[PDB]
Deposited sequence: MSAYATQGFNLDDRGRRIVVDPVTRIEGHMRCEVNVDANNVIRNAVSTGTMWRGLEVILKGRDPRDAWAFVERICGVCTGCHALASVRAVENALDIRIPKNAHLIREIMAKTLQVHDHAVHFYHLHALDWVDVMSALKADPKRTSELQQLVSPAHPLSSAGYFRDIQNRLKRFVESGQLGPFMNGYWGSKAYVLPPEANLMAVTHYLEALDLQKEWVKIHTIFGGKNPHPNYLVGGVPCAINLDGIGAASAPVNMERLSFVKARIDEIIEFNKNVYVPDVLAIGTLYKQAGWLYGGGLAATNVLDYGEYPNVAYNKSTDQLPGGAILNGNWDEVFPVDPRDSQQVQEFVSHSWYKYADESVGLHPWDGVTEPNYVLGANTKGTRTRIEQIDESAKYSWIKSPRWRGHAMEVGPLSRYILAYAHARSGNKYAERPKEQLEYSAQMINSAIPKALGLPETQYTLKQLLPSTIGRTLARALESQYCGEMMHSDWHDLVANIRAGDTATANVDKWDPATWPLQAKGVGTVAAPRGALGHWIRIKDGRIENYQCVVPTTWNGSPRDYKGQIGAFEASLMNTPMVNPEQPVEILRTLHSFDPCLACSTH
């Protein structure tokens, strides 16, 4: 038992274990302690996988690295490739042509939308939606609810909802529940009415069918999804208008991309954002504002999506760091500064010469050290209760100037809001989205559903599991809007006569400096991603990744400070400590990617 970051940690209560944590990417174990009233007073994040990509990269060609690191994760597919090519280009002083920049941005924003929407419906929604309750719904009332929640969504008839309900009925009545088997259906932690549940199930199915269309943008520019191809110096998808399926990119291919973008915009505006606003409103009305964790104090992002390539002041998701809940002061974040981003392994299954210090990733070290503490319940190969006083995770502990930070869409939206309030005009759209969302959640949706109106500020609403879920949906919407603009810029540039897609001036290693270092950063779907590379005599000398879920899922540092996951579970009541509904709801709001976190 000790106090840190305003949290009173206490491990004297009842211990609860969740292993595996499901509906995430990869492998995680979570343990908590609850007090006499089932309130979480301690939380422990354990990354339960490691592959060692950083070790595997040593000695290889920097031009090949993107393909290796892309395979860190097939969910956030391509963001590691983007970070890698950016890192190599930074090391070798390579500037990519405008079309390559725009195509990479379109691919990045496509990933954002796909990842966010799939996460919400297929991984997160079952923490808010009781699918068995959907069976009790009235299709006419569901139709009426759909028309209130999103009047522009064309799939709203009672017959349509009846058909969906009937298929769910037959599925459940088969006795083979599949992914719904042994679920927590009927828990008092679920608060939605039947009609809301049926609506959400319907959209789960709609999203499952539609998500495969969105990724065809990756397929056009990158050959395949998952795992589209990238290139140091630009993009491989050469442009030729007149070329008629002779080149990778012609006007027909670009028209196809635009059609997919337009579909994305409709889905975000008509399905995803309204669903999250409605579900968020109903859980707000129930008083479920838990899960803020570090978002209430410390948030970080590198900043992304510059209007003008290589001009960071024009970032459309402007970054930096906020500390102590002070939204009037955004500190600049520099990935090159050895005193800023550092990783500790004090409570991680790795070894440093000196574990009292954090290493900046250009000086990073990845030597495994799987060893369990003295208070462990069980054995080395059969853990009953993990010992969080010692090493307890395959995830390293990243900190910024020693501070524990939350990363992700919520962090980016808090930063955008802070920037917009300080006069940054590039952040105007996220600010508009937040103010609109607050008015919907507080006033418009309650008035439409006959519920009392509330007066929560963004300061109050945002640092919460609801807020974290909302920010993801808003970011998806914003990314669709931005790539629509990027498409127009791309086509205009090509039509103006610039068809260049790759800078090959430094492709050959005989042109390289004999030593170099570089860093590439990305606003990945789950937060701040960085790759740091050292090159020597044409080969990778060091390659270190610090990934968003590494930040959020980190175990404690040398000072004992907790990371975002652990902080987010604190002070949360559980309806039943043997049903991890609230734990899953909050953990899932970070969209944990464990393969990413450990690499």
Next item on the list: Walk along the deposited sequence from position 1 and note every stretch that has no C-alpha coordinates.
Entry: 1-2, 245-246
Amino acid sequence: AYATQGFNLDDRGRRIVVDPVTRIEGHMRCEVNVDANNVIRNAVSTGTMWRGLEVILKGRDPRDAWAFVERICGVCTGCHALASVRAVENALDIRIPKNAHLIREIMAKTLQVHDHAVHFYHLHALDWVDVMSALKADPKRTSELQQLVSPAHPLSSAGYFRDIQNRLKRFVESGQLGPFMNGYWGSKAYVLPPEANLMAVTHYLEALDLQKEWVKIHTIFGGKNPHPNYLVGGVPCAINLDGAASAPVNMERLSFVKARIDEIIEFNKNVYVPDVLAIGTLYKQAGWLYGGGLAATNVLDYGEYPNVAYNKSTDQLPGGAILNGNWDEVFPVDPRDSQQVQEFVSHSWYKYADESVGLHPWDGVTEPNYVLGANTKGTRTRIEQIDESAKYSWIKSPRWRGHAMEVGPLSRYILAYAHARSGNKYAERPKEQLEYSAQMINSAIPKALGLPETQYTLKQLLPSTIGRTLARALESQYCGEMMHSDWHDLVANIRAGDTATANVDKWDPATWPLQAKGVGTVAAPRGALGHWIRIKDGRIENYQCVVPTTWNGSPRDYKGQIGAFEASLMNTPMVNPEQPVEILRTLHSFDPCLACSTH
From here on, numbers count along this sequence of modelled residues.
Notebook entry, point to check: Relative to the other PDB entries of this protein in the set, is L282 coordinate-less in at least a third?
Noted result: no
Check: Any chance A196 is unbuilt in a third or more of the other entries we compared?
Finding: no
Next item on the list: On mean C-alpha B-factor from the PDB entry, just flag whether 293-301 or 321-329 is the higher one.
Entry: 321-329
Item checked: 65-73 set against 44-52, stretch whose average Cα temperature factor tops the other in the entry -> 44-52
Item checked: Given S422, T219, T521, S485, the residue at which the Cα B factor reaches its maximum -> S422
Margin query: By the CA temperature factor listed in this entry, which of these ranks top: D489, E89, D354, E475?
Written below: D354
Checklist line | Where the record places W512 (Cα B-factor, split into thirds across the chain) | finding: middle
Next item on the list: Classify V18 as lowest, middle or highest third according to the C-alpha B-factor given in the PDB entry, relative to its own chain.
Entry: middle
Checklist line | Relative C-alpha B-factor of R401, binned into the chain's lowest, middle or highest third | finding: middle
Check: In terms of the CA temperature factor given in the entry, to which third of its chain does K284 belong: lowest, middle or highest?
Finding: middle
Margin query: Can you tell me whether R29 has a C-alpha B-factor in the lowest, middle or highest third compared with the other modelled residues of the same chain?
Written below: middle
